[PDB]
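This document opens with one chain alone, in structure tokens, the form solved without its partner chain.
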């Protein structure tokens, strides 16, 4: 019945940059087109004294040569007039790691258990997203409570990304 246009997706009301600080463990993922981080993904969100948020992401990526680098990614976030929607500039500490600029939307979080991020890299002419990625973060390395799980699938369906996530392995590779 409802809207898959990106312009219509609801995000986190009055997103608190500081309450989202710290370690988030990626539990689930919806991959974009091309090369992306595979597994072992752990982000560290941070806010300095002026309200600027940054993050570091750690994760394993398989490069064409068939490398298995544990990428150390850095992202800085630019605020928009929506508190839960950011522009994220990112780069690897290694030169070979992918650099870019993506939207970063906090679709929902309760700050202490779960987060849902989304990024549409490209919009179709109808307003829907032709290439997106999404992550489901957990405060706990062992996942989400049945409770958090129900809300998170609700949100996935809302993002028109239901049934398009795969679980993330964490086996200490990095």
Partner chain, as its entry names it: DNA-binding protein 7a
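Residue numbers count along the first chain shown, from 1. Heads up, when I say rigid core I mean the largest set of C-alphas that superpose within 1.5 Å between the two forms.
- For the pair 83-91 and 67-75, the record assigns the higher mean C-alpha temperature factor to 67-75.
- Note on the listed residues 51, 146, 32, 141: the highest Cα temperature factor in the record is that of 51.
- Placement of the Cα temperature factor of residue 38 within the chain: highest third of the modelled residues, per the deposited record.
- In the PDB entry, a CA B factor belonging to the lowest third of its chain's modelled residues is recorded for residue 55.
- Among the modelled residues of its chain, residue 61 has a C-alpha B-factor that falls in the highest third, as given in the PDB entry.
- Among all modelled residues in its chain, residue 112 ranks in the middle third by Cα B-factor.
- For residue 174, the recorded CA B-factor ranks within the highest third of the chain. Only modelled residues enter the ranking.
Unshown form deposited with its partner chain bound; subsequent notes refer to it.
- Contact annotation for the candidate site: 61, 67 and 98 all lie close to its partner chain in the bound PDB entry (heavy atom within 4.5 Å).
- The stretch from 31-39, 48-56, 125-133, 145-153 that comes within 4.5 Å of its partner chain in the bound PDB entry, counting heavy atoms only, is 31-39.
- Among heavy atoms of residue 71, some come within 4.5 Å of its partner chain in the bound PDB entry.
- Contact annotation: residue 169 falls outside 4.5 Å of its partner chain in the bound PDB entry, judged by heavy atom distances.
- Remark: residue 174 counts among the residues lining its partner chain in the bound PDB entry, judged by a heavy atom distance of 4.5 Å or less.
- After superposition on the rigid core, displacement of the C-alpha of residue 96 between this form and the one not shown amounts to 2 Å or more.
- Remark: with the core as the superposition reference, the CA shift of residue 130 between this form and the one not shown stays below 2 Å.
- Taking the rigid core as fixed, one finds a CA shift for residue 63 of 2 Å or more between this form and the one not shown.
- Between residue 57 and residue 96, the Cα distance is smaller in the bound PDB entry than in this structure, by no less than 3 angstroms.
- Between residue 96 and residue 56, the Cα distance is smaller in the bound PDB entry than in this structure, by no less than 3 angstroms.
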